[PDB]
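In: Experimental structure and its sequence below.
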Amino acid sequence: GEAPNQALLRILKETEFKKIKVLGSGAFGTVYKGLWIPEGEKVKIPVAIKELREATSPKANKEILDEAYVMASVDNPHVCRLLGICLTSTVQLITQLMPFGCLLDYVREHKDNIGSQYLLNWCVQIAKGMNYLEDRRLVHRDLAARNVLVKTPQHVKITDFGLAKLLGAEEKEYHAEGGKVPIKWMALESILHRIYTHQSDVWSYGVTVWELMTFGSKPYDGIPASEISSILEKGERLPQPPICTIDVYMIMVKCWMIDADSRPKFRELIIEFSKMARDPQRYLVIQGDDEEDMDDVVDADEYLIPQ
């Protein structure tokens, strides 16, 4: 409702970029890694090139173009940057290269070197990115640790707008119709009535924090998708992660309250986590921050002649 979206969709020439090396595949198509070299300028831009499989499937191209639409309409330091699209046989999405990959695998692969400052700073950044999406009236619907990329260990950005929906002016909630949303990250109101709000994104934010706090655990590793709804109605929630003080765990818990308006607003999550980031060791308790055994070890240089 009102406010023309004057965002610029940029079309890039296939010859302006070199695909260099493959990065993954997944299920959508093939994500390459390369360099973008605009004709006039003398600059090389590290880039990620996503596309569809050789066979062109119409509604798959509709979906890529829908993503480009939402990505070309966002501009924030904590939201994925779209560079343009290349209209080849299959429309390719060109984005900024995030060298360290997604955050889920980052925490899993780096457990023993991730301190409290990094964990809390990621919580602030993700909250900032989401608050921005709220300002632009955009509901993500797929926020999770796998959907946060790492530009550097100190700078992350939200991605995957493949389910994002822009809300109108006289609208306050999106009514889905399909059925392919990840259940372990969704609000109860979403499983039971397919409703989605910014407040529904908060629930997912809570689960995302839990994933980070547990260094990459799978939520409800046992319980099967079809049962999740029931455990939630009973009152069961994700357990308090070992490194979490009750201060941090209380934030997660509040994001998981059946009452949507009761949950915290992203602007509040920014404040709360910012306060905690000023004194990390007070809120997250982490051990860190060669023959494994005990602590009576002393180097020979400190062991002087006994008897």
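Out: Everything's here; your move. Residues are numbered from 1 along each chain as shown.

In: now the end-to-end length of stretch 91-106.
Out: In stretch 91-106, first residue to last residue: 29 Å (Cα to Cα, to the nearest Å).

In: How much space separates the nearest residue to residue 211 once chain neighbours are set aside from residue 64?
Out: Counting by Cβ to Cβ, 6 or more residues apart in numbering, residue 211 lies nearest to residue 145, which is 4.0 Å off, once chain neighbours are set aside. C-betas here are computed from N, CA, C, even on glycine. Going from residue 145 to residue 64 by Cβ to Cβ, to the nearest Å gives 24 Å.

In: Neighbour count: the two, which is higher?
Out: The residue with more neighbours, out of residue 145 and residue 64, is residue 145; 25 against 21, by other Cβ atoms under 10 Å.

In: That one contacts residue 214, doesn't it?
Out: No. Counting by Cβ atoms under 8 Å, residue 145 stays clear of residue 214, with 10.0 Å between them.

In: Am I right that residue 13 is in contact with residue 86?
Out: Yes. Counting by Cβ under 8 Å, residue 13 does reach residue 86; the two are 7.4 Å apart.

In: what about these two, which has more around it?
Out: Per other Cβ under 10 Å, whichever of residue 13 and residue 86 has more neighbours is residue 86, with 21 against 11.

In: element containing residue 110, please.
Out: Applying DSSP states H and E as the criterion places residue 110 in helix 103-110.

In: where do the helices sit along the stretch 201-307 of the chain?
Out: Counting by DSSP state H, counting those that start in this stretch, the segments of the stretch 201-307 of the chain that form helices are 225-234, 246-255, 266-277.

In: Can you give the contact residues for the longest one?
Out: Pointing back at helix 266-277 there. Outside helix 266-277, the residues within contact range by Cβ atoms under 8 Å, 6 or more residues apart in numbering are 117, 120-121, 123-124, 127-128, 130-131, 134, 198, 201-202, 205, 247-248, 251, 264, 282-283.

In: PyMOL command to pick out the buried ones of those?
Out: Restricted to buried positions by 16 or more other Cβ atoms under 10 Å, the PyMOL selection for the contacts of helix 266-277 reads:
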select buried, resi 117+120+121+123+124+127+128+130+131+134+198+201+202+205+248+251+264+283
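
In: hey, where'd the strands end up in the protein?
Out: With DSSP state E applied, the chain shows strands at 17-24, 29-36, 45-52, 82-87, 91-96, 138-139, 148-152, 155-158, 165-166, 174-175, 195-196, listed in chain order.

In: for the nearest residue to residue 161 once chain neighbours are set aside, what are its contacts?
Out: The shortest distance from residue 161 to any non-neighbouring residue, by Cβ to Cβ, 6+ apart, is to residue 70 (4.4 Å). Listed by Cβ under 8 Å, 6+ apart, the contact partners of residue 70 are 138, 161, 164, 166.

In: Quick one: list the elements packing against the helix holding residue 110.
Out: strand 148-152, helix 198-213 (3 or more Cβ pairs under 8 Å, 6 or more residues apart in numbering; DSSP states H and E).

In: Contacts for that helix next, please.
Out: Helix 103-110 has contacts (Cβ under 8 Å, 6+ apart) with 100, 114, 122, 144-146, 148-150, 153, 156, 211-212, 215-216.

In: buried set for that helix?
Out: By neighbour count on 16+ other Cβ under 10 Å, the buried set for helix 103-110 is 103, 104, 106, 107.

In: Closest one of those residues to residue 188?
Out: Set against residue 188, the nearest of the buried residues of helix 103-110 by Cβ to Cβ is residue 104 (23.4 Å).

In: From residue 35, how far out is the nearest residue to residue 218 once chain neighbours are set aside?
Out: Closest residue in space to residue 218, ignoring its immediate chain neighbours: residue 184 at 7.8 Å, by Cβ to Cβ, 6+ apart. According to Cβ to Cβ, residue 184 and residue 35 sit 37 Å apart.
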